[PDB]
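# Chains, contacts and geometry: an overview
As a plain string of letters, each chain reads:
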Amino acid sequence: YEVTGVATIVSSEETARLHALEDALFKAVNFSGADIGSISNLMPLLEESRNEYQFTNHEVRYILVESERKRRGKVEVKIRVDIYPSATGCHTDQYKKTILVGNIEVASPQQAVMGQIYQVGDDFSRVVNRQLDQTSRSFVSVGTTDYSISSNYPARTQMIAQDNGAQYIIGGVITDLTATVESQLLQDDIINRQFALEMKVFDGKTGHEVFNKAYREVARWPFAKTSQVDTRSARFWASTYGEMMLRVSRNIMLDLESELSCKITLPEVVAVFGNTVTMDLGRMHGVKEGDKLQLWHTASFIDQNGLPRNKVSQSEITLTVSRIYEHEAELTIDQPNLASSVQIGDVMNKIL
Amino acid sequence: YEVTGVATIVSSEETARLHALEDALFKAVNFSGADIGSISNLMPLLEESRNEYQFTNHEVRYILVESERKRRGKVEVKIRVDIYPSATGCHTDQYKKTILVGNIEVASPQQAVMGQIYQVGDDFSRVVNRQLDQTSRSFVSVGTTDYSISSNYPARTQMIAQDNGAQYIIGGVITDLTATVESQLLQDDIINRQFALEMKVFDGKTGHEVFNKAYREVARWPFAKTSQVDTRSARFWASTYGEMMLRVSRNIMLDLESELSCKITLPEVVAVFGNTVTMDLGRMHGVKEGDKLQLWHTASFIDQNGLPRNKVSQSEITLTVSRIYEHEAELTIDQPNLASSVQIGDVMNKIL
Amino acid sequence: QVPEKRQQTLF
Amino acid sequence: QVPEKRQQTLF
Amino acid sequence: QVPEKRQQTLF
Amino acid sequence: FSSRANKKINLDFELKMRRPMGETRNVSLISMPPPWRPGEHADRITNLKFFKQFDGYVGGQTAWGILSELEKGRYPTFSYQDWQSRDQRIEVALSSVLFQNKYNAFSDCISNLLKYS
Amino acid sequence: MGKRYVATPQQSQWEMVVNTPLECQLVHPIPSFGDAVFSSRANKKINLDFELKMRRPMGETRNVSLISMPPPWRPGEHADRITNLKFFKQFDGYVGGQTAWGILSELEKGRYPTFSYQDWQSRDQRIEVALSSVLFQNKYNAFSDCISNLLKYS
Amino acid sequence: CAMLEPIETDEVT
Amino acid sequence: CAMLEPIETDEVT
Amino acid sequence: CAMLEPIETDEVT
Amino acid sequence: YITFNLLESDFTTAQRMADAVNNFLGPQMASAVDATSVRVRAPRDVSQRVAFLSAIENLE
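Residues numbered from 1 in each chain as written, not as in the entry; some residues may be left out. Chains lettered and ligands numbered in written order. Part of a larger assembly, values for the part shown. Heavy atoms only, no water. Residues with missing side-chain atoms left out of burial classes, pairs and counts.

- Identification of chain K as Flagellar P-ring protein from Vibrio alginolyticus is taken from the PDB entry.
- Looking at the PDB record, one finds the entry titled "Cryo-EM structure of the LPHT ring".

- As annotated in the PDB entry, chain F carries the name Component of sodium-driven polar flagellar motor and is attributed to Vibrio alginolyticus.

Below, the structure is given as structure tokens:
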């Protein structure tokens, strides 16, 4: 395909070229309709600066870079790739997963003094929410929350997920915002600022921690030392630091696609009206009429030591979708005599 | 057709040319009678600056730009296009949707200090109201409201929609009004001000959020730094910032057309007088005598976790329009024996 | 190939 | 040889 | 072709 | 509603009118929900015939069905054109308010019926 | 929402009606429906009758489904299908052999034996009849004590 | 054909 | 083929 | 053979 | 589940209340987790839990 990759050089030409190649590959995969979950495993094998790349067992086979330019101080890379969009996979027949973006906090407010970027966590969780909402393939964002999610309180995680109707809750801590000064006699000072982050995803059905990853990137701080920067403004997010943080958010989305996309989606029972039950997933999540679903009885217990545990009882109950709304759906129980055993909170999975 | 597109250059000639092309295309589609809902999906494929554009499955097939001029500092584009106005579609046989423009707020009053444009949200919601009223094809505006609509209180949304007689409520938050300074030694300073906005549309029948989009544009701030600008005046709206905000409002209208226009319109039962019921839609909404309508029994519940849900019971009741007023209509129930089961709040849909 | 606007939906 | 994304899992 | 003024309407 | 000692299951429902039936009319029996049940539709039960100068009679499974629809909290509605009312359509409904206890007493008495006539 | 006849925890009661060395009888009144009667008699061989006695007699012969449904206060538990019976017109429902002992066993485990069938008196709609396990264990102990004291000959 | 260029009522100015 | 380069809605700016 | 040199996630920096 | 907290904490009172619920409803229904708390399995529906708790709180 014909794609362009744009990335600014911070300290190494190799890193900027690799970032531009990643951007071009991401655009090519998005246009080709291929899954973006598989991209996050291709990057490690892209550390080398070889003109030709060979891969096996992937939707992309050979990568050939034809043009590399450093116009306006940032590397531009033009490549041609062959993408094979597979019609099958463990991610195409699943309903969309609702995700709640939790509180992202700055561990050390001391590091945010330069620029007074103290609301960077909130304005970055907003970016992560919008990235998951309008860029992901298998995720739906149900908003942000002001509460902090911890692994010590699975019950609170379950309650907050129930309140917001979220299958997973994602929250992080920003651990490094410090900067160093590089000085040259010919020119002015260069301030390279750090952005480290540790993201954690919790399963709202049982309170377990299902995802855990750490990110660290560096970018130039173009603003003055004594200048105050607003994190909601376009001045912050159009700068080199802003571009780096946007790339970090994209990597978060790609990692979530890599890890959670092929987990089987489990819509929950919202209400039971005799022989008809209601599902928390609807038309906007990919539900189509005539779908057959299998019911699981949910029983998740905190064990004797306070650690969350999971236990599902298999059921002989199968349901079919009768009416579909934008955000909910109605299902009819195919075994009327077993309809009395369905309670609120039981989960279902689509029969393939 | 023969159309002209006018757009001022802010930072890139490509953006100004694209905006002029969008303006010319919008005027051509409006004159041709084609639906304006389909325009909002054509813009993404217009990023390239190709002299010729090829499209499939659209009311416009080929676009050829013949004249491009930069007179008086703004790009003028003259094009010829072939538009095929389809007589069919999911948007031509539906009644008009009544929409209430909610409160639009400035999240950070700090950003509105320059020019003291603190009532920009209200005077922009007025523009959105007038744009939906006198420019849209499938919307009727029932005015503005001073209340804020949130996803946490579906009951309040339903009550406000009932009070104003609105099917949908649209409200937003203005998130960025900051500006940057570009300085040249030859000339004076250039102040480029930002305008970011997040619009949200709620369904008044059930309190659900049906639409969510974010807008961000930049334009020159021609006024002095210490000058106070009145947002109700023509000085504000005839400036470059005002033209940008008007274009943003037009994009809001086009996105609403793209998303909500083909939703089936559901007029509500206002009063029941024996065998005759009253409809909240009338002559001004497209109701014609002899129309056949199908009744749905409405039952929308808040579930155990406080989240809104929808549930409609299908009915064997069909109604026909007997007398038409400008704002209401009278319907006769075709099944007199079932007339006792019609209650206020039941919805109807036109039988096609 | 242009994406098509949303089709007719009920509720 | 690229690592393969996680396969389908239940619970 | 000029648009035509509103036609006769009752109520 | 009348049940009598017999070897077979029997129930008679008689709509007895103060002003007798003017003419024989086709009657529609529907199970209309009460006002205090929004979102529920009406079920068409059946079509009867009410005869001239006779009380309306429903028998067989339909009378038991009327009792059942009353047990669910609904209103059995007979709709027909009344001769005494200028041949206009009128509705007659059976209320389900204060029905449960008397339905239990009725079921008990039916239980204590002689199995021979 | 269909018809479900079960005694609420405040309404459930079990009684030993006949307690003699010639017959033992345990009765569970199902409110608004009737009774469920377990009858054992003196004999050389093990015998137990379960009779579902209805206030309004059976209108038509129907296929009935006997399931061991969990009560509402037991989330996360699936229902065990027990068997399929046939209830006959104008006759009390009868279960015998090992299935009646199975009903007693499923009651001893805190579960609800549920009979589901289409009711003639109900416009041929599906209805459920459940036996409540509340206040059952003491009367089951009394019933088993009575069974142990039955004459071993007829 | 040839689309017209007649202006309409201003939305705010 | 030839992938397009149309931009989309900004995530924050 | 020829071992790769792709970097991984930093442990602290 | 729902949990009952004894006004006067005691191991024997906690176990006797657990037995009272088990005798009324059935086996493996209530369990004493310490001298104060007794956990009773309850329905997921809020309306059924109120009806369930109404019968349980009146046990002697």
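From this point on, the discussion continues.
### Topic: empty space enclosed by the protein
- In this structure, the largest cavity encloses a volume near 350 Å³.
- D203, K205, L266 and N310 of chain B together with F11 of chain C are, among the 21 residues lining the largest cavity, the residues nearest its centre.
- Residues of the lining of the largest cavity, tallied by class, amount to 8 nonpolar, 8 polar and 5 charged. (1 Å grid on protein atoms, 1.4 Å probe; cavity = no way out; pocket = protein on both sides within 12 Å on 5 of 7 lines; lining within 4 Å. Points joined across faces, edges and corners; volume = space filled by probe spheres on them. Nonpolar A, V, L, I, M, F, W, Y, C, P; charged D, E, K, R; others polar.)

### Section: the interface of chain A and chain B
- Between chain A and chain B, the contact holds 24 residues from the first and 27 residues from the second.
- Taking both sides of the interface into account, the surface hidden between chain A and chain B amounts to around 1,900 Å²; carbon and sulfur atoms contribute 48%.
- The interface formed by chain A and chain B holds 4 salt bridges in total.
- A salt bridge links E198 of chain B to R126 of chain A, with the shortest nitrogen-to-oxygen separation between them at 3.2 Å.
- At the boundary of chain A and chain B, one finds 6 residue pairs in polar contact. (Contact = heavy atoms within 4.5 Å. Buried area = accessible area lost by both parts, 1.4 Å probe. Salt bridge = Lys/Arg side-chain N within 4 Å of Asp/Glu carboxyl O. Polar contact = N/O pair within 3.5 Å; in protein donor to acceptor, adjacent residues only side chain to side chain.)

### Regarding the environment of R69 of chain B
Residues and elements named next belong to chain B.
- With respect to the element layout, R69 can be found in strand β3 (residues 60-69).
- On a C-alpha basis, the gap between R69 and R17 in space is 9.4 Å, while along the polypeptide they are 52 residues apart.
- The residues contacting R69, other than those within four sequence positions of it, are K74, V75 and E76. (Helix = DSSP H or I, 4+ residues; strand = E, 2+ residues; numbered from the N terminus.)

### Description of the state of the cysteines
All names here are of chain G.
- Evaluated as defined, the whole model comprises 3 disulfides over all chains.
- Linked covalently through their sulfurs, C24 and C146 form a disulfide whose S-S length is 2.0 Å. Since a negative S-S torsion denotes a left-handed disulfide, the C24-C146 link at about -90 degrees is left-handed. Pair noted here: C24 is in strand β3 (residues 23-30) and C146 is in helix α2 (residues 137-148), with a separation of 122 residues, a long-range link. (Disulfide = S-S within 2.5 Å.)

### Regarding the pattern of salt bridges
- If you walk through the whole model with that rule in mind, you get 62 salt bridges over all chains.
- One salt bridge in this structure joins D291 of chain A and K350 of chain A, with 3.3 Å as the shortest N-O distance. In this pair, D291 of chain A is assigned in the loop between β13 (276-279) and β14 (292-298) and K350 of chain A in strand β17 (residues 347-350), connecting sequence segments 59 residues apart. Like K350 of chain A, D291 of chain A is buried.
- Of the charged contacts in the structure, one is a salt bridge between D334 of chain B and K292 of chain B, with a shortest N-O distance of 2.3 Å. You can see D334 of chain B sitting in the loop between β16 (329-333) and β17 (347-350) and its partner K292 of chain B sitting in strand β14 (residues 292-298), a full 42 residues away along the chain. (Buried < 20%, exposed > 50% of the residue type's maximum accessible area, 1.4 Å probe, protein only.)

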